[PDB]
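Visitor: Got final-v1.csv for you, CSV, C-alpha atoms and all ligand atoms:
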chain,number,residue,atom,x,y,z
A,1,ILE,CA,-49.9,-9.9,12.4
A,2,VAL,CA,-52.6,-12.5,11.7
A,3,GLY,CA,-54.9,-13.6,14.5
A,4,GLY,CA,-53.6,-10.9,16.9
A,5,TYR,CA,-55.1,-8.0,18.8
A,6,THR,CA,-54.8,-4.3,18.9
A,7,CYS,CA,-51.9,-3.6,21.3
A,8,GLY,CA,-53.1,-0.3,22.6
A,9,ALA,CA,-51.4,3.0,21.8
A,10,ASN,CA,-47.8,3.2,22.9
A,11,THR,CA,-47.9,0.0,25.0
A,12,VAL,CA,-45.0,-1.4,22.9
A,13,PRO,CA,-42.8,1.7,23.3
A,14,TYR,CA,-39.7,0.1,21.7
A,15,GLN,CA,-41.6,-0.8,18.4
A,16,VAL,CA,-40.5,1.4,15.5
A,17,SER,CA,-41.8,1.7,12.0
A,18,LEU,CA,-39.3,2.0,9.2
A,19,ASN,CA,-40.5,4.4,6.5
A,20,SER,CA,-39.2,5.0,3.0
A,21,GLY,CA,-42.3,7.0,1.9
A,22,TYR,CA,-44.5,4.3,3.4
A,23,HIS,CA,-44.2,1.8,6.3
A,24,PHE,CA,-42.2,-1.2,5.1
A,25,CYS,CA,-40.8,-3.0,8.1
A,26,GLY,CA,-40.6,-2.9,11.9
A,27,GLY,CA,-37.7,-2.6,14.2
A,28,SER,CA,-36.8,-2.3,17.9
A,29,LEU,CA,-35.2,0.6,19.7
A,30,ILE,CA,-32.3,-0.8,21.8
A,31,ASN,CA,-31.0,2.6,23.1
A,32,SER,CA,-31.5,6.3,22.2
A,33,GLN,CA,-29.4,6.0,19.1
A,34,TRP,CA,-29.9,2.5,17.6
A,35,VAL,CA,-32.5,0.3,16.2
A,36,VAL,CA,-32.3,-3.5,15.5
A,37,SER,CA,-34.2,-4.8,12.5
A,38,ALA,CA,-33.9,-7.5,9.8
A,39,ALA,CA,-31.2,-7.3,7.2
A,40,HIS,CA,-33.8,-8.3,4.6
A,41,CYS,CA,-35.5,-4.9,5.4
A,42,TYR,CA,-32.5,-3.0,4.2
A,43,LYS,CA,-33.4,0.0,2.0
A,44,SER,CA,-31.4,3.1,1.3
A,45,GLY,CA,-33.3,6.3,2.6
A,46,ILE,CA,-34.9,5.0,5.9
A,47,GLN,CA,-36.7,7.3,8.3
A,48,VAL,CA,-37.3,5.7,11.8
A,49,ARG,CA,-40.7,6.5,13.3
A,50,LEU,CA,-40.9,6.0,17.0
A,51,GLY,CA,-43.9,6.6,19.3
A,52,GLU,CA,-46.3,5.4,16.6
A,53,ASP,CA,-49.7,3.8,17.0
A,54,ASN,CA,-51.7,4.7,13.8
A,55,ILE,CA,-49.0,4.9,11.1
A,56,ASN,CA,-51.3,7.0,8.9
A,57,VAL,CA,-52.3,9.7,11.4
A,58,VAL,CA,-50.0,12.0,13.3
A,59,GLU,CA,-51.4,11.6,16.8
A,60,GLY,CA,-48.9,13.6,18.8
A,61,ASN,CA,-46.4,11.2,20.4
A,62,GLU,CA,-44.3,10.4,17.3
A,63,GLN,CA,-40.6,11.1,16.8
A,64,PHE,CA,-39.4,10.9,13.1
A,65,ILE,CA,-35.7,10.6,12.9
A,66,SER,CA,-33.7,9.9,9.7
A,67,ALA,CA,-31.2,7.0,9.7
A,68,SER,CA,-27.6,8.1,9.4
A,69,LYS,CA,-26.2,4.6,8.9
A,70,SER,CA,-27.4,1.1,8.4
A,71,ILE,CA,-25.2,-2.0,9.1
A,72,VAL,CA,-26.3,-5.3,7.7
A,73,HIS,CA,-24.7,-8.3,9.6
A,74,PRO,CA,-21.3,-9.2,8.0
A,75,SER,CA,-22.5,-12.8,7.4
A,76,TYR,CA,-26.1,-12.0,6.3
A,77,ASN,CA,-27.1,-14.5,3.5
A,78,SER,CA,-30.2,-13.2,1.8
A,79,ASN,CA,-30.8,-16.6,0.1
A,80,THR,CA,-31.2,-18.6,3.4
A,81,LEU,CA,-31.9,-15.6,5.7
A,82,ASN,CA,-29.1,-16.8,8.0
A,83,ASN,CA,-28.0,-13.8,10.1
A,84,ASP,CA,-31.1,-11.8,9.2
A,85,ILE,CA,-30.2,-8.8,11.4
A,86,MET,CA,-29.3,-5.2,10.8
A,87,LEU,CA,-28.5,-2.1,13.0
A,88,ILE,CA,-29.8,1.3,12.1
A,89,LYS,CA,-28.2,4.4,13.7
A,90,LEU,CA,-30.4,7.5,14.1
A,91,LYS,CA,-29.1,10.8,13.0
A,92,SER,CA,-30.0,12.3,16.4
A,93,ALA,CA,-30.9,10.5,19.7
A,94,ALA,CA,-34.5,9.8,20.4
A,95,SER,CA,-36.0,11.5,23.5
A,96,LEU,CA,-36.8,8.6,25.7
A,97,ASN,CA,-40.2,8.9,27.6
A,98,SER,CA,-43.1,6.8,28.6
A,99,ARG,CA,-44.1,6.2,24.9
A,100,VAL,CA,-40.6,5.9,23.3
A,101,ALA,CA,-38.4,3.5,25.2
A,102,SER,CA,-35.6,1.0,24.6
A,103,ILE,CA,-35.8,-2.8,25.0
A,104,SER,CA,-33.1,-4.8,26.7
A,105,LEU,CA,-30.8,-7.1,24.8
A,106,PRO,CA,-30.7,-10.7,26.2
A,107,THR,CA,-28.1,-12.2,28.4
A,108,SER,CA,-29.3,-15.7,27.8
A,109,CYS,CA,-31.2,-17.3,25.0
A,110,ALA,CA,-34.9,-17.8,25.5
A,111,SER,CA,-36.4,-21.2,26.3
A,112,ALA,CA,-38.7,-23.4,24.2
A,113,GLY,CA,-42.2,-23.0,25.3
A,114,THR,CA,-41.7,-19.4,26.5
A,115,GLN,CA,-44.6,-17.1,25.4
A,116,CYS,CA,-43.3,-13.9,23.6
A,117,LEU,CA,-44.9,-10.7,22.4
A,118,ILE,CA,-44.6,-10.2,18.6
A,119,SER,CA,-45.9,-6.9,17.1
A,120,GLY,CA,-46.2,-5.0,13.9
A,121,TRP,CA,-48.2,-3.2,11.2
A,122,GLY,CA,-48.0,-6.2,8.8
A,123,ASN,CA,-50.8,-8.0,7.0
A,124,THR,CA,-53.6,-9.4,9.1
A,125,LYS,CA,-54.9,-12.0,6.7
A,126,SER,CA,-53.5,-15.5,6.0
A,127,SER,CA,-55.3,-15.6,2.7
A,128,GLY,CA,-55.5,-12.2,1.1
A,129,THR,CA,-54.4,-8.7,2.2
A,130,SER,CA,-55.3,-6.2,4.8
A,131,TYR,CA,-52.9,-3.9,6.4
A,132,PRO,CA,-53.9,-2.3,9.7
A,133,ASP,CA,-53.2,1.3,10.6
A,134,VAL,CA,-52.8,0.7,14.3
A,135,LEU,CA,-50.2,-1.6,15.9
A,136,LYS,CA,-51.1,-5.3,16.3
A,137,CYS,CA,-49.8,-7.7,18.8
A,138,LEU,CA,-49.6,-11.5,19.2
A,139,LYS,CA,-48.5,-13.7,22.0
A,140,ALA,CA,-46.8,-16.8,20.6
A,141,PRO,CA,-44.7,-19.6,22.2
A,142,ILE,CA,-41.2,-20.5,21.1
A,143,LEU,CA,-41.2,-24.0,19.5
A,144,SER,CA,-38.7,-26.7,20.1
A,145,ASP,CA,-35.7,-26.8,17.7
A,146,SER,CA,-36.8,-30.3,16.6
A,147,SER,CA,-40.3,-29.1,15.7
A,148,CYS,CA,-38.9,-26.0,13.9
A,149,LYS,CA,-36.6,-28.2,11.8
A,150,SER,CA,-39.4,-30.7,11.1
A,151,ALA,CA,-41.5,-27.8,9.7
A,152,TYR,CA,-38.8,-26.4,7.5
A,153,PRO,CA,-36.4,-29.3,6.7
A,154,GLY,CA,-32.9,-28.3,5.6
A,155,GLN,CA,-33.6,-24.5,6.2
A,156,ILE,CA,-33.3,-23.8,9.9
A,157,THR,CA,-29.9,-22.7,11.2
A,158,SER,CA,-28.7,-22.3,14.8
A,159,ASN,CA,-29.4,-18.5,14.3
A,160,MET,CA,-33.1,-19.1,13.8
A,161,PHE,CA,-36.0,-20.2,16.0
A,162,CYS,CA,-39.7,-20.9,15.3
A,163,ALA,CA,-42.6,-19.5,17.3
A,164,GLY,CA,-46.3,-19.7,16.9
A,165,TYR,CA,-49.0,-22.4,16.4
A,166,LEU,CA,-48.7,-25.3,14.2
A,167,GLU,CA,-52.5,-25.5,13.8
A,168,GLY,CA,-52.4,-22.2,11.9
A,169,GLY,CA,-54.4,-19.0,12.4
A,170,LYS,CA,-51.9,-16.9,14.5
A,171,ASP,CA,-48.6,-15.6,13.1
A,172,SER,CA,-46.6,-12.6,12.0
A,173,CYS,CA,-46.7,-11.7,8.3
A,174,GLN,CA,-45.5,-9.4,5.5
A,175,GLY,CA,-44.8,-5.9,6.8
A,176,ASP,CA,-44.1,-7.2,10.3
A,177,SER,CA,-40.5,-8.1,9.2
A,178,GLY,CA,-37.8,-6.6,11.3
A,179,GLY,CA,-40.0,-6.1,14.3
A,180,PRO,CA,-39.6,-7.5,17.8
A,181,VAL,CA,-40.1,-10.8,19.5
A,182,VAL,CA,-39.9,-10.0,23.2
A,183,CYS,CA,-39.7,-12.8,25.7
A,184,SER,CA,-39.3,-12.2,29.5
A,185,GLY,CA,-38.8,-8.5,28.8
A,186,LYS,CA,-35.9,-8.9,26.4
A,187,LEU,CA,-35.5,-8.7,22.6
A,188,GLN,CA,-35.0,-12.4,21.7
A,189,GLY,CA,-36.2,-12.5,18.1
A,190,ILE,CA,-36.6,-10.5,14.9
A,191,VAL,CA,-39.5,-11.2,12.5
A,192,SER,CA,-37.7,-12.9,9.6
A,193,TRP,CA,-39.5,-15.4,7.4
A,194,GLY,CA,-42.1,-18.2,7.1
A,195,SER,CA,-44.0,-20.0,4.5
A,196,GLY,CA,-47.1,-17.8,3.9
A,197,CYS,CA,-48.6,-16.6,7.2
A,198,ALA,CA,-50.6,-18.5,9.8
A,199,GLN,CA,-50.7,-21.6,7.6
A,200,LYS,CA,-50.9,-25.0,9.3
A,201,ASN,CA,-47.4,-26.6,10.0
A,202,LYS,CA,-45.6,-23.4,8.9
A,203,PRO,CA,-44.8,-21.4,12.0
A,204,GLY,CA,-42.9,-18.1,11.9
A,205,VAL,CA,-39.2,-18.1,11.8
A,206,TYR,CA,-37.3,-15.5,13.8
A,207,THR,CA,-33.6,-14.3,14.0
A,208,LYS,CA,-32.2,-15.6,17.3
A,209,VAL,CA,-31.0,-12.2,18.7
A,210,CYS,CA,-29.0,-13.9,21.6
A,211,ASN,CA,-26.5,-15.1,19.1
A,212,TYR,CA,-25.7,-11.4,18.1
A,213,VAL,CA,-25.3,-9.6,21.3
A,214,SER,CA,-21.5,-9.4,21.1
A,215,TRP,CA,-21.7,-8.1,17.4
A,216,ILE,CA,-24.3,-5.6,18.4
A,217,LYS,CA,-22.3,-4.4,21.4
A,218,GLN,CA,-19.0,-4.0,19.5
A,219,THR,CA,-20.7,-2.4,16.5
A,220,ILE,CA,-22.4,0.2,18.7
A,221,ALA,CA,-19.1,0.8,20.5
A,222,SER,CA,-17.5,1.7,17.2
A,223,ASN,CA,-20.1,3.7,15.2
A,301,CA,CA,-48.9,8.2,13.9
Go ahead and render the structure in this file as structure tokens.
Guide:
Amino acid sequence: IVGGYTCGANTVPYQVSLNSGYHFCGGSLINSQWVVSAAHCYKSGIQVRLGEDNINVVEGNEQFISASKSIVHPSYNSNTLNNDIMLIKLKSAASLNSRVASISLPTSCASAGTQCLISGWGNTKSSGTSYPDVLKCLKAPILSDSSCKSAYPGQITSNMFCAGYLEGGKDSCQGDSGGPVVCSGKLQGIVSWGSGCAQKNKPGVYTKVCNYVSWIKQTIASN
């Protein structure tokens, strides 16, 4: 997250870190057994880390639970990032508590102009590299479909939305991928892509989770 703030320990209790020997992507806990992330974060060998603040220090509220199954969307296209969504099943259910909690799936799609909370342990520099240890947060508004398409001509599908600031300076970034975009208390986006981070006229692009609720529900009813 570039241009964000330190969230505060466990104030984003649905945020997870995906670990394969190192943090590599975020995700969102949607119930005690399942995490939503980006399909482009698929790796074999994923351990889900819940209750994290500093990902490099064991502070006492973590739950580390291996994935048993990962399910990339059936129509994921890794070239365009259309349908950039994945479900990860935990080997055992998380113990839900004040620091480890699920986020609701949406009933309706969020509205342009809505300010959402985006979070992660990704890069905090637009130019260069610095990865934080503690969770960072950013409030960013959903941009209109027309603005998003103007920013990325011929690349935005109905399963994507843009959020952020066209002047630059505030965005998600590498290492935030797969993490949450929460708007009115529901998981509306997944950190997916963008050209660089926090560059002028290149806002973040996010998987539009409201388009996937029936897939998510039938998949978790069946696995
Ligand atoms: Ca930790």
Visitor: Which polymer residues have any atom within 9 Å of an atom of region 54-60 of chain A, counting all atoms listed in the file, with same-chain residues fewer than 3 positions away left out, as a PyMOL selection string?
Guide: chain A and resi 9+17+22-23+49+51+63+121+132-135
Visitor: Fewer than 4 positions away in the same chain doesn't count, so skip those; otherwise give me all residues within 12 Å of residue 156 (chain A), counting all atoms listed in the file, as a VMD selection string.
Guide: chain A and resid 80 to 83 144 to 152 160 to 162 192 to 194 203 to 208
Visitor: Give me, as a PyMOL selection string, all polymer residues having an atom no more than 8 Å from region 31-34 of chain A, counting all atoms listed in the file and skipping those fewer than 6 positions away in the same chain.
Guide: chain A and resi 87-96+101-103+220
Visitor: Hey, can you check how far CA of residue 6 (chain A) sits from CA of residue 140 (chain A)?
Guide: 14.9 Å
Visitor: Between CA of residue 118 (chain A) and CA of residue 68 (chain A), what is the distance in Å, rounded to a tenth?
Guide: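 So the answer is 26.6 Å.
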Visitor: What gap, in Å, lies between CA of residue 107 (chain A) and CA of residue 46 (chain A)?
Guide: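 Calculated distance between CA of residue 107 (chain A) and CA of residue 46 (chain A) is 29.1 Å.
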Visitor: Show me, as an MDAnalysis selection string, the residues that have an atom within 12 Å of residue 180 (chain A) when counting all atoms listed in the file, minus same-chain residues fewer than 2 positions from it.
Guide: chainID A and resid 1 12:17 25:30 35:38 85 102:105 116:121 136:139 172 176:178 182:183 185:192 206:209
Visitor: Which is closer to residue 184 (chain A) than all the others in A:11, A:70, A:223, A:114, using all atoms listed in the file?
Guide: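 Among A:11, A:70, A:223, A:114, it is A:114 that comes nearest to residue 184 (chain A).
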Visitor: Under the rule that all atoms listed in the file are counted, which of A:61, A:212, A:198, A:8 is the nearest residue to ligand CA 301 (chain A)?
Guide: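 Closest to ligand CA 301 (chain A), using all atoms listed in the file: A:61.
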Visitor: Go through A:50, A:112, A:100, A:67 one by one, measure the shortest atom-to-atom distance of each to ligand CA 301 (chain A) using only C-alpha atoms and all ligand atoms, and give the residue with the smallest value.
Guide: A:50
Visitor: Looking at A:108, A:98, A:64, A:40, which one is nearest to ligand CA 301 (chain A), with distances taken over only C-alpha atoms and all ligand atoms?
Guide: A:64
Visitor: So, counting only C-alpha atoms, which residue among A:2, A:164, A:74, A:157 is closest to residue 216 (chain A)?
Guide: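 Closest candidate: A:74.
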Visitor: Of the residues A:73, A:39, A:20, A:62, which is the one nearest to residue 219 (chain A), using only C-alpha atoms?
Guide: A:73
Visitor: Please write as a PyMOL selection string the list of polymer residues whose atoms come within 9 Å of (-57.7, -14.6, 18.3), counting all atoms listed in the file and keeping to the coordinates of the file.
Guide: chain A and resi 2-5+138+169-170
Visitor: Take region 125-152 of chain A from the preceding structure and save C-alpha atoms as a PDB file, in the first residue's frame.
Guide:
ATOM      1  CA  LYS A 125       6.827   2.967  -2.618  1.00  0.00           C
ATOM      2  CA  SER A 126       5.589   4.079  -6.055  1.00  0.00           C
ATOM      3  CA  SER A 127       9.241   4.314  -7.181  1.00  0.00           C
ATOM      4  CA  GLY A 128      11.383   1.737  -5.554  1.00  0.00           C
ATOM      5  CA  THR A 129      10.824  -0.884  -2.939  1.00  0.00           C
ATOM      6  CA  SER A 130       9.996  -1.033   0.726  1.00  0.00           C
ATOM      7  CA  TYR A 131       7.895  -3.731   2.290  1.00  0.00           C
ATOM      8  CA  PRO A 132       6.389  -3.074   5.620  1.00  0.00           C
ATOM      9  CA  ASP A 133       6.197  -5.589   8.404  1.00  0.00           C
ATOM     10  CA  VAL A 134       2.915  -4.267   9.886  1.00  0.00           C
ATOM     11  CA  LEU A 135      -0.407  -4.149   8.058  1.00  0.00           C
ATOM     12  CA  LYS A 136      -1.098  -0.968   6.008  1.00  0.00           C
ATOM     13  CA  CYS A 137      -4.446   0.461   5.113  1.00  0.00           C
ATOM     14  CA  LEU A 138      -5.803   2.928   2.554  1.00  0.00           C
ATOM     15  CA  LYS A 139      -9.189   4.493   2.005  1.00  0.00           C
ATOM     16  CA  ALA A 140      -9.895   4.849  -1.695  1.00  0.00           C
ATOM     17  CA  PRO A 141     -13.014   5.628  -3.699  1.00  0.00           C
ATOM     18  CA  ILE A 142     -14.477   3.483  -6.451  1.00  0.00           C
ATOM     19  CA  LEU A 143     -14.097   5.274  -9.814  1.00  0.00           C
ATOM     20  CA  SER A 144     -16.738   5.408 -12.470  1.00  0.00           C
ATOM     21  CA  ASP A 145     -16.698   2.673 -15.158  1.00  0.00           C
ATOM     22  CA  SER A 146     -16.047   5.344 -17.789  1.00  0.00           C
ATOM     23  CA  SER A 147     -13.015   6.730 -15.920  1.00  0.00           C
ATOM     24  CA  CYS A 148     -11.638   3.215 -15.351  1.00  0.00           C
ATOM     25  CA  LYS A 149     -11.993   2.346 -19.056  1.00  0.00           C
ATOM     26  CA  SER A 150     -10.373   5.656 -20.087  1.00  0.00           C
ATOM     27  CA  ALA A 151      -7.392   4.825 -17.850  1.00  0.00           C
ATOM     28  CA  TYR A 152      -6.900   1.325 -19.250  1.00  0.00           C
TER      29      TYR A 152
END
